[PDB]
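Residue numbers (the entry's author numbering): -2 to 115.
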């Protein structure tokens, strides 16, 4: 944890990048699963509480009130504006499709897989 501010947030298909008031550079493979490899500056980051606090801030930012929008944004690599769901397939405002990830029930994390051809 910390009382510093996240001065900068960016999103990729591969990770969420963050820059803090203290000057640190987070590189976080969101959502957080056992598969995630996070980086603080350019050394590995193993503080799961720190990663989950930044992930709560990111869920608030990218998904607005709906976290699901944040998880779809992580899966898609871009900050989406809205989404709709039908029969388990989630379509964002840009037309991108997603399904629940195979690991969602086992990790007990809300993760999504980009399903282009579903």
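Beta carbons: idealized from backbone N, C-alpha and C, even for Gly.
Quick one, are the C-beta atoms of residue i and residue j less than 8 Å apart?
i          : j           : result
residue 50 : residue 15  : no
residue 24 : residue 69  : no
residue 28 : residue 115 : no
residue 59 : residue 76  : yes
According to DSSP, simplified to helix, strand and coil, what is residue i?
i           : result
residue 124 : Only positions -2 to 115 of the chain appear in this structure, which leaves residue 124 out of reach.
residue 49  : helix
residue 91  : coil
residue 101 : helix
residue 36  : strand
Could you pull out every residue in the same chain whose Cβ sits closer than 7 Å to the Cβ of residue i, ignoring the five residues on either side in sequence?
i          : result
residue 5  : 15, 16
residue 46 : -2
residue 1  : 17, 18, 19
Keeping to the same chain, check which residues put their C-beta closer than 6 Å to that of residue i; ignore five residues upstream and five downstream.
i          : result
residue 36 : 24, 42
Whose CA, out of the options, lies closest to the CA of residue i?
i          : options         : result
residue 61 : 80, 99, 10, 86  : 80
residue 85 : 78, 93, 97, 104 : 97
residue 88 : 72, 100, 102    : 72
residue 74 : 91, 63, 31      : 91
Note down, in chain order, each residue of its chain lying with its Cβ closer than 8 Å to the Cβ of residue i, except the 5 sequence neighbours on either side.
i           : result
residue 119 : Absent from the model: residue 119. The displayed extent of the chain is -2 to 115, so no value can be given.
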